[PDB]
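Below are the chains, spelled out letter by letter.
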Amino acid sequence: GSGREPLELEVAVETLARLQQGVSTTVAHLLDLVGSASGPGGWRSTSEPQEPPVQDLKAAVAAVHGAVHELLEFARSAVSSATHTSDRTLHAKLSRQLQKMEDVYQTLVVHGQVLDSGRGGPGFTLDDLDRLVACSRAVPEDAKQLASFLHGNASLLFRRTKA
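(A) Spatial organisation of the overall build of the protein. When helices and strands are counted, the protein shows four helices and zero strands. Reading the protein from its N end, one meets helices and strands in the order α-α-α-α. A compact globule built from 163 residues would reach a C-alpha radius of gyration of about 15 Å, whereas the protein, at 20 Å, exceeds it by more than 25%. With the principal axes as the frame, the protein shows a C-alpha extent of 70 × 30 × 25 Å. Restricting the contact set of the protein to residue pairs at least 6 apart, pairs at least 24 apart contribute 88%. Here the protein displays about 11100 Å² of accessible surface, and carbon together with sulfur accounts for 55% of that area. The positive charge centre, built from 16 side chains, and the negative charge centre, built from 19, are 8 Å apart in the protein.

In C-alpha coordinates, the structure reads:
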(Lines give C-alpha, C1' and ligand atoms only; values in the text may rest on other atoms or scores of the structure.)
Protein backbone atom coordinates (compact mmCIF):
# COMPACT_ATOMS: atom_id res chain seq x y z
CA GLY A 1 0.00 0.00 0.00
CA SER A 2 1.69 3.16 1.22
CA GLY A 3 -0.37 5.95 -0.39
CA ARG A 4 2.94 7.77 -0.97
CA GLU A 5 5.07 6.38 -3.82
CA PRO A 6 8.72 5.36 -3.22
CA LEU A 7 11.58 7.73 -4.11
CA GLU A 8 14.46 6.73 -6.41
CA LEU A 9 18.08 7.87 -6.16
CA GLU A 10 17.69 9.82 -9.44
CA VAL A 11 14.65 11.68 -8.06
CA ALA A 12 16.36 12.18 -4.70
CA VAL A 13 19.44 13.40 -6.60
CA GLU A 14 17.30 15.55 -8.92
CA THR A 15 15.02 17.05 -6.22
CA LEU A 16 17.94 17.54 -3.78
CA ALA A 17 19.96 19.22 -6.57
CA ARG A 18 17.23 21.89 -6.77
CA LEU A 19 17.65 22.59 -3.04
CA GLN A 20 21.41 23.17 -3.45
CA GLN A 21 20.68 25.74 -6.18
CA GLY A 22 17.75 27.36 -4.37
CA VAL A 23 19.88 27.42 -1.20
CA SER A 24 22.99 28.80 -2.95
CA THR A 25 20.66 31.16 -4.84
CA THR A 26 18.72 32.27 -1.73
CA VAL A 27 21.85 32.87 0.38
CA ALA A 28 23.21 35.02 -2.47
CA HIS A 29 20.16 37.25 -1.96
CA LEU A 30 21.08 37.79 1.71
CA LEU A 31 24.47 39.18 0.64
CA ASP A 32 22.88 41.06 -2.27
CA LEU A 33 20.48 42.76 0.17
CA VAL A 34 23.31 43.58 2.60
CA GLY A 35 24.86 45.78 -0.11
CA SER A 36 21.77 48.00 0.14
CA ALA A 37 22.57 48.40 3.86
CA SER A 38 25.75 50.29 2.90
CA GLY A 39 24.41 53.29 4.83
CA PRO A 40 21.41 54.29 7.01
CA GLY A 41 19.96 56.34 4.13
CA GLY A 42 18.95 59.98 4.71
CA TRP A 43 20.59 62.38 7.20
CA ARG A 44 18.64 61.97 10.46
CA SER A 45 15.93 59.39 11.25
CA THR A 46 15.24 59.32 15.00
CA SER A 47 16.83 56.40 16.89
CA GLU A 48 17.43 53.15 14.98
CA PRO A 49 17.67 54.82 11.53
CA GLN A 50 17.04 51.39 9.96
CA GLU A 51 13.63 49.72 10.26
CA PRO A 52 11.46 50.27 7.13
CA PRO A 53 13.42 47.77 4.91
CA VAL A 54 13.19 45.11 7.65
CA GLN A 55 10.47 43.34 5.63
CA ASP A 56 12.99 42.83 2.81
CA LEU A 57 15.41 41.31 5.34
CA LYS A 58 12.66 39.26 7.02
CA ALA A 59 11.62 37.93 3.59
CA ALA A 60 15.15 36.88 2.56
CA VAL A 61 16.08 35.25 5.89
CA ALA A 62 12.74 33.40 5.93
CA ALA A 63 13.17 32.39 2.27
CA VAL A 64 16.73 31.04 2.72
CA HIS A 65 15.64 29.15 5.86
CA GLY A 66 12.65 27.74 3.95
CA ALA A 67 14.95 26.08 1.39
CA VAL A 68 17.13 24.62 4.17
CA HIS A 69 14.15 23.05 5.96
CA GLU A 70 13.40 21.35 2.62
CA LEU A 71 16.91 19.90 2.87
CA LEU A 72 16.18 18.70 6.40
CA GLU A 73 12.96 17.14 5.03
CA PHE A 74 14.62 15.82 1.84
CA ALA A 75 17.51 14.35 3.84
CA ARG A 76 14.96 13.04 6.35
CA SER A 77 12.89 11.32 3.65
CA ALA A 78 16.07 9.66 2.32
CA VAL A 79 17.24 8.77 5.85
CA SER A 80 13.92 6.97 6.45
CA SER A 81 13.37 3.54 4.86
CA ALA A 82 17.17 3.23 5.25
CA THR A 83 18.11 -0.16 6.73
CA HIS A 84 21.18 -2.43 6.47
CA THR A 85 22.71 -4.50 9.30
CA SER A 86 25.86 -4.95 7.17
CA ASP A 87 26.36 -1.16 7.34
CA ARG A 88 25.91 1.17 10.33
CA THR A 89 28.72 3.75 10.35
CA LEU A 90 27.00 5.65 7.51
CA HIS A 91 23.90 6.20 9.67
CA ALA A 92 26.17 7.22 12.56
CA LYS A 93 28.14 9.58 10.29
CA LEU A 94 24.95 10.79 8.54
CA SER A 95 22.91 10.97 11.77
CA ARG A 96 25.78 12.81 13.52
CA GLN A 97 25.96 15.44 10.75
CA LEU A 98 22.17 15.47 10.18
CA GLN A 99 21.21 15.73 13.87
CA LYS A 100 23.89 18.41 14.28
CA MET A 101 22.18 20.30 11.44
CA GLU A 102 18.83 19.86 13.20
CA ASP A 103 20.17 21.31 16.45
CA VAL A 104 22.05 24.05 14.58
CA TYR A 105 19.04 24.87 12.38
CA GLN A 106 16.70 25.39 15.37
CA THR A 107 19.36 27.55 17.07
CA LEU A 108 19.38 30.04 14.17
CA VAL A 109 15.55 30.21 14.08
CA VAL A 110 15.51 31.54 17.66
CA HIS A 111 18.42 33.89 16.93
CA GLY A 112 16.67 34.77 13.66
CA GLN A 113 13.23 35.08 15.29
CA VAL A 114 14.87 37.65 17.60
CA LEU A 115 15.80 39.80 14.57
CA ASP A 116 12.13 39.69 13.52
CA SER A 117 11.03 41.45 16.73
CA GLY A 118 12.21 42.20 20.29
CA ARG A 119 10.37 42.81 23.58
CA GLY A 120 12.68 45.81 24.14
CA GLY A 121 12.29 49.02 22.12
CA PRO A 122 15.11 48.40 19.58
CA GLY A 123 15.33 44.97 17.90
CA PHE A 124 18.95 44.52 16.73
CA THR A 125 21.83 46.64 15.40
CA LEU A 126 23.64 46.31 12.05
CA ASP A 127 26.39 44.61 14.08
CA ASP A 128 24.14 41.60 14.80
CA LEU A 129 23.52 41.34 11.03
CA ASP A 130 27.26 40.80 10.49
CA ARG A 131 26.85 37.79 12.78
CA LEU A 132 23.61 36.71 11.05
CA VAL A 133 25.21 36.98 7.60
CA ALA A 134 28.01 34.88 9.12
CA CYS A 135 25.70 32.18 10.51
CA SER A 136 23.63 32.22 7.29
CA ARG A 137 26.78 31.13 5.38
CA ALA A 138 27.34 28.24 7.84
CA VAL A 139 23.96 26.50 7.26
CA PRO A 140 24.24 26.27 3.40
CA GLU A 141 27.90 25.22 3.44
CA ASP A 142 26.80 22.25 5.56
CA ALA A 143 23.92 21.55 3.15
CA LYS A 144 26.46 20.76 0.41
CA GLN A 145 28.59 18.54 2.68
CA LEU A 146 25.55 16.65 3.98
CA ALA A 147 24.63 15.98 0.34
CA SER A 148 27.96 14.14 0.01
CA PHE A 149 27.17 11.90 3.00
CA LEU A 150 23.78 11.09 1.45
CA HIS A 151 25.65 9.89 -1.67
CA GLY A 152 28.06 7.62 0.25
CA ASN A 153 24.94 5.88 1.63
CA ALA A 154 22.44 6.88 -1.07
CA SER A 155 22.49 3.27 -2.31
CA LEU A 156 20.90 2.31 1.03
CA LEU A 157 18.67 5.38 1.50
CA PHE A 158 16.99 4.27 -1.76
CA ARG A 159 18.46 1.22 -3.57
CA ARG A 160 20.78 1.57 -6.59
CA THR A 161 21.77 -1.93 -7.76
CA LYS A 162 25.26 -2.87 -9.03
CA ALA A 163 25.54 -3.49 -12.79
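(B) Inspection of the side chain of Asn153 at higher detail. Positionally, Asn153 belongs in helix α4 (residues 126-157). On the basis of relative accessibility, which here comes to 5%, the residue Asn153 falls in the buried class. When neighbours within four sequence positions are excluded, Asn153 is seen to be in contact with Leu90 and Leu94.

(C) Structural view of the nonpolar core. Among the nonpolar cores identified, the biggest contains 19 residues, and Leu71, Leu94, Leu98, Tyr105 and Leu150 are the most heavily contacted of them. The set of elements that each furnish at least two residues to this core consists of α1 (9-36), α2 (54-79), α3 (89-116) and α4. With residues up to four places along the chain from it excluded, the contact list for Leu94 reads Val79, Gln99, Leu146, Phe149, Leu150, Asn153 and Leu157. The next biggest cluster of nonpolar side chains, apart from the first, holds seven residues, and it includes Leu30, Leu57, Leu115 and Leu132.

(D) Region of the structure containing the pattern of salt bridges. Under the counting rule described, the total for this entry stands at three salt bridges. The salt bridge involving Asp128 is made with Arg131; its shortest N-O contact spans 2.4 Å. Of this pair, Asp128 and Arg131 both sit in helix α4, separated by three residues, roughly a single helical turn. We classify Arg131 as partly exposed; its relative accessible area is 43%.

What counts as what
Residues numbered from 1 in each chain as written, not as in the entry; some residues may be left out. Heavy atoms only, no water. Helix = DSSP H or I, 4+ residues; strand = E, 2+ residues; numbered from the N terminus. Rg over C-alpha atoms; globule rule 2.2 N^0.38 Å. Contact = heavy atoms within 4.5 Å. Areas by Shrake-Rupley, 256 points an atom, 1.4 Å probe, with all protein chains shown as cover. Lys, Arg positive; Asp, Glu negative; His and termini not counted. Charge placed at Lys NZ, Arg CZ, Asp CG, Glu CD. Buried < 20%, exposed > 50% of the residue type's maximum accessible area, 1.4 Å probe, protein only. Core = buried A, V, L, I, M, F, W, Y, C linked by side-chain atoms within 4.5 Å. Salt bridge = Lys/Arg side-chain N within 4 Å of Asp/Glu carboxyl O.

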